[PDB]
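Those protein sequence lines, which keep their order, are chains B and F. Using PDB author numbering, you'd call the opening residue of the first sequence number 189 and step up by one each time. Using PDB author numbering, you'd call the opening residue of the second sequence number 189 and step up by one each time.
Number of protein chains: 2
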Amino acid sequence: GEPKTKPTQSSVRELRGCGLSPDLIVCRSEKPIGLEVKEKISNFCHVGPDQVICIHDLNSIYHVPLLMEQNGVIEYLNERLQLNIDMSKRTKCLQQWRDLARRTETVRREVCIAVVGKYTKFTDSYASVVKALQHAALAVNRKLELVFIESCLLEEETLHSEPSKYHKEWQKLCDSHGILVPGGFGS
Amino acid sequence: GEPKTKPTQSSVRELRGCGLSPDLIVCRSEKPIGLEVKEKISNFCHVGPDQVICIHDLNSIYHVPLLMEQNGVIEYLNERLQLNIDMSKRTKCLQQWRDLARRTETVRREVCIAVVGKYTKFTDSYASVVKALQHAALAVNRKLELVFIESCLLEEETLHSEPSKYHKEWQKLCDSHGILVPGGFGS
């Protein structure tokens, strides 16, 4: 249960074995962890304890600007490289991202939408497609529920073998509103 | 949560209003209720408190002989009408029913079996059919899972309206091993 990170102490050895020295703090998580592990990386990297990034990314993009305004990294890189800054509200303009982040989590519909990919796991046919179409659907305030329908096991390989994964896929597309078209992988 | 019975006190008024007098105890339940209500019916009928029947019938037939051996009704009717009795183990022979009671609740298979009746509620097309076939299926020690397949809303009245429900019954009949034939109600 304790978040004991292993690649952290292993990445420092690789940098020392070639002729490099780590200066920043790199991390990746999905839930706010305790403060008992924030000071563990500082002593192993000889950095400041108040500069540890605790990112809890899930599956969108609005889980990043909410962290920079709490730790204190938006003003550290300004005086580190001596660059200009157009101050107005908080270093950079944030009102443009707040109007699209809070408004997104206030809509719901749960409409049956059937999509066709290729396999059942996370493939590469809709990694950047399902993300761009979700932001443009905020004008109608409607949420689309994405499912997983495989077109491979649907022909004679399923109807002749075990008719279990065939008749179930047709139960989520007869009353749907948006039916997509897949592609083609040889034969 | 208190099992307050109403037709009990109302049935006594109907018998007294015509020239009858109740003597036995009639009841119907599904789970062993407490003893706080067994003395409520005895004073309303002026009968014996140790002769109240607490039947907990669910949906079979073996939930009846297990109660007569606990309350005490198998010997009450013998001396009430002065009749003969062939004593051996406990008034009547019980070994014939005890062999089919434990052998029934110790078999399982969970196999997909699709049956077609008429509607979706408890109709009159399989009331006495699903009970007789279950006892004869004990020789193979296999359990048949009964479902509900409606043949009315399946033709053109469903495919044109909401065909999502049409593809629901086909998932349980194509994979099943036994398919029955319904009947015909006019048109």
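For each residue, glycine too, the CB sits at the ideal point set by N, CA and C.
I want to verify the contact list: residues of chain B whose CB lies under 9 Å from the CB of residue 350 of chain F, in sequence order. Within chain B, the residues near residue 350 of chain F are 362, 363.
For residue 230 of chain B, report the span of its alpha helix (DSSP H) as first-last. 226-233 is the extent of the alpha helix (DSSP H) around residue 230 of chain B.
Are the beta-carbon atoms of residue 261 of chain F and residue 232 of chain F separated by less than 8 Å? No, Cβ-Cβ distance for residue 261 of chain F and residue 232 of chain F is not below 8 Å.
Taking its Cβ as the centre, do 16 or more other Cβ atoms sit within 10 Å of residue 320 of chain F, making it buried, or is it exposed? By the Cβ-count criterion, residue 320 of chain F is exposed, with fewer than 16 other Cβ atoms from all chains shown falling within 10 Å of its own Cβ.
Beta-ladder partner(s) of residue 280 of chain F, from DSSP: Answer by DSSP bridge pairing, in chain order: F/278.
In whole angstroms, give me the CA-to-CA distance for residue 363 of chain B and residue 300 of chain B. Between the alpha carbons of residue 363 of chain B and residue 300 of chain B lies a distance of about 7 Å.
The alpha helix (DSSP H) spanning residue 345 of chain F covers which residue range? From DSSP, the alpha helix (DSSP H) with residue 345 of chain F extends over 344-347.
Bridge partners of residue 302 of chain F, per DSSP? DSSP lists F/367 as partners of residue 302 of chain F.
Would you please verify whether the beta carbon of residue 144 of chain B is less than 8 Å from any beta carbon of chain F? Residue 144 of chain B is absent from the model: chain B starts at 189 and stops at 375.
Residue(s) in a DSSP beta bridge with residue 333 of chain F: Answer is F/300.
Neighbour flag for residue 239 of chain B against chain F, beta carbons, 8 Å: It does not: the Cβ of residue 239 of chain B has no partner Cβ on chain F nearer than 8 Å.
In three-state terms, what does DSSP make of residue 217 of chain B? Strand, per DSSP.
Opening and closing residue of the alpha helix (DSSP H) in which residue 195 of chain F lies: Taken as a continuous stretch (DSSP letters only), the alpha helix (DSSP H) holding residue 195 of chain F covers 195-204.
Which runs of the alpha helix (DSSP H) fall wholly inside the region 232-277 of chain F and span at least 4 residues, in chain order? Taken in chain order, the complete alpha helix (DSSP H) segments of 4 or more residues contained in the region 232-277 of chain F are 253-256, 264-269.
Inspect the beta-carbon positions of residue 304 of chain F and residue 273 of chain F and report whether they are closer than 8 Å. No.
Cα separation between residue 242 of chain F and residue 258 of chain F? Looking at the two C-alpha atoms, the distance is approximately 10 Å.
What does residue 359 of chain B reach in chain F if we use C-beta pairs closer than 8 Å? Listed by position along chain F, the residues whose Cβ is nearer than 8 Å to that of residue 359 of chain B are 352, 355, 356, 359.
Pull up the CB-CB distance for residue 213 of chain F and residue 235 of chain F, whole angstroms please, since I reckon it's below 8 Å. At roughly 6 Å, the Cβ-Cβ gap stays under 8 Å, so residue 213 of chain F and residue 235 of chain F are in contact.
Distance CB(residue 354 of chain B)-CB(residue 368 of chain B) smaller than 8 Å: The Cβ atoms of residue 354 of chain B and residue 368 of chain B lie no closer than 8 Å to each other.
Between the C-alpha atoms of residue 365 of chain F and residue 360 of chain B, what's the straight-line distance to the nearest angstrom? Cα to Cα, residue 365 of chain F sits roughly 25 Å from residue 360 of chain B.
For residue 245 of chain B, which residues of its own chain have a beta-carbon under 6 Å away from its beta-carbon, when the five flanking residues on both sides are left out? Leaving aside the five residues that flank residue 245 of chain B on each side, the residues in its chain whose CB is nearer than 6 Å to its CB run, in chain order, 251.
Can you tell me the Cα-Cα spacing of residue 441 of chain B and residue 333 of chain B, whole angstroms? The structure shown has nothing for residue 441 of chain B, since chain B only spans 189 to 375.
With distances taken Cα to Cα, identify the nearest neighbour of residue 279 of chain B among B/372, B/265, B/292, B/302. Among B/372, B/265, B/292, B/302, the Cα nearest to that of residue 279 of chain B is on B/265.
On the three-state DSSP scale, how would you describe residue 325 of chain F? If DSSP states are grouped into helix, strand and coil, residue 325 of chain F belongs with coil.
Quick one: what's got a C-beta closer than 6 Å to residue 296 of chain B's C-beta in the same chain, skipping five residues either side? Hits under 6 Å: 331.
Could you give the distance in angstroms between the alpha-carbon of residue 204 of chain B and the alpha-carbon of residue 195 of chain B? For residue 204 of chain B and residue 195 of chain B, the distance between alpha carbons rounds to 14 Å.
Which of helix, strand or coil DSSP assigns to residue 288 of chain B: In the three-state reduction of the DSSP assignment, residue 288 of chain B falls in the helix class.
Starting from residue 190 of chain B, trace the alpha helix (DSSP H) in both directions and tell me its first and last residue. No alpha helix (DSSP H) holds residue 190 of chain B; DSSP gives it neither H nor E.
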